[PDB]
């Protein structure tokens, strides 16, 4: 069979290529948020915790991965730490992603209270807590859910390992029920599904809010039509009680538009509760000069912001769908290894490829920002032009 240093040299070189890009891309993210106070929101503190976990993939997890494919003689628990450190960092990224979905959900659903609820100080406390939980979850095998107690000793003597040592291989020290049940199903897959729901709720609340907005608009204008085209005084009253309510509704330079608007409706309602039909129909035309000059322009900045929230949460959902794509192959292969012991194990080369793919996720997030977030892309250019 072919000398394995040939296939390894390829896998290593690829891994190092990827570590290089991971560091750069994600240092630039971080340098970006540091420098551009437009990018200094709570949402982006999570983006930074995400970029830092990806820098750490290049600086550490990927060298660890290179190390543990050699099979080098190593004390079992030390081999377990270099095997598990990547699980810690990946768990950090799930928490950061979930935090971002939730943040964006709070932002669209209770925009009024978002500044007072989601503050820079609570964000940073959540980030710290999640990093501690990621170390706990990711290094749980250290605490005894491992295969250290049953070393492959024929394989350790074949390699001259010291007494106390193992060939340091991932599938030899980390149990596959840990990886399938605990790490995949419960600590990755369940969080992804969750993140998937949150984003459904965001797109629904935006879809609904925009609906309400353009409904209200049409109440405003159809009740005007009812008024031009009545010839009876209690018709006009009925249509202005409705206009009025549909105005204190949409309420919740801006306010002088609704001040005027409800005022003119209070003017015209009052004519109409006197029987002056024509006097009130031409009073309820004064509204139209007020819609044209104020209400249409609140309609429109409010639609603008919702379309911006929607587009932002699609950008962020793409970050989560690419996480899924990069990591799923590897889990899906572990599922086969574990659930079908009748099946031949996936070949070495594919293991290599699933692992490499999982690591490329540490290169995608920076490209996403740059293609999808005008403020990150403008800031990427300033840094790239001024320094290179």
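Numbering follows the first chain given and starts at 1.
The entry shows a gap from residue 252 to residue 253, with 10 or more unmodelled residues of the deposited sequence in between. Just going by the entry, 266-274 versus 200-208 on mean CA temperature factor gives the higher value to 266-274.
Taking only CA atoms, the mean B-factor in the PDB entry is higher for 300-308 than for the other of 300-308 and 80-88. For the set 142, 176, 188, 287, the PDB entry puts the maximum C-alpha B factor at 287. You'll see in the entry that, of 242, 104, 314, 93, the Cα B factor peaks at 242. Ranked within its chain, residue 111 lands in the middle third, by CA B factor from the PDB record.
Among the modelled residues of its chain, residue 335 has a C-alpha B-factor that falls in the lowest third, as given in the PDB entry. When all modelled residues of the chain are sorted by CA temperature factor, residue 292 is found within the highest third. Per the deposited record, the Cα B-factor of residue 172 falls in the lowest third when ranked against the other modelled residues of its chain. Remark: residue 358 belongs to the lowest third of its chain, ranked by C-alpha B-factor as recorded.
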